[PDB]
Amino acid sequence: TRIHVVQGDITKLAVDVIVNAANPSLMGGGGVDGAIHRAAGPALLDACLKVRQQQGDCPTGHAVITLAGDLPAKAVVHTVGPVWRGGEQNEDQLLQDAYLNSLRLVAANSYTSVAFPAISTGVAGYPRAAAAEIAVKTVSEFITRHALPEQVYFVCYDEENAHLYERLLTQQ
């Protein structure tokens, strides 16, 4: 009732907050990051600079929040997922933290709905399967303990991944 899987483009989703799979610089890149910036327009980058200027690099596992410009969302939460390196560099934790701190920021800003892409599973090369496990476990356990956020959307770029989530979800 509170967690949903949707297949498509995260930039098209009308929710309170859209989550960006960013990198420490916060400055832009490709994948979701590029899509988001493109969709949002220049205001997003202005904003990310202001942030950067104020707290420097966003460390891995942490998150920040900014305005959303032209996006149908109200804000964008930029989180820094870990780069995959075999699984013996505390990656699973860092990925967890990325989801967690994202959620906390959503809540702290009184936002009721949030959309997540599949953090760290593209360029960063996180095994698609383990990641989804963490994403789903972390988000689920969190929303269990908290009123906010009310709604969560797992946005999946393809059908393969979507089914993954779908199953992992109803597998508990």
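When you see a residue number, it is the position in the sequence shown, counting from 1.
*Asks:* Do the CA atoms of 67-75 or those of 90-98 have the higher mean B-factor in the entry?
*Replies:* Per the PDB entry, the higher value belongs to 90-98.
*Asks:* May I ask you to compare 102-110 and 54-62 by their mean CA B factor in the entry and name the higher one?
*Replies:* Comparing 102-110 with 54-62, the higher average CA B-factor belongs to 54-62.
*Asks:* Determine which member of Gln151, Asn161, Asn20, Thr11 has the highest CA B-factor, using the values in the deposited entry.
*Replies:* Among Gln151, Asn161, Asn20, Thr11, the PDB entry lists the largest C-alpha B-factor for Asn161.
*Asks:* Could you look up the Cα B-factor of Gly122 in the entry and say which third of the chain it sits in: lowest, middle or highest?
*Replies:* CA B-factor rank for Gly122: highest third.
*Asks:* Within this chain, which third does the Cα B-factor at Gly28 fall in: lowest, middle or highest?
*Replies:* Tercile = highest for this residue's CA B-factor.
*Asks:* Sorting by Cα B-factor within the chain, modelled residues only, which third would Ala130 end up in: lowest, middle or highest?
*Replies:* According to the entry, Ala130 has a C-alpha B-factor in the chain's highest third.
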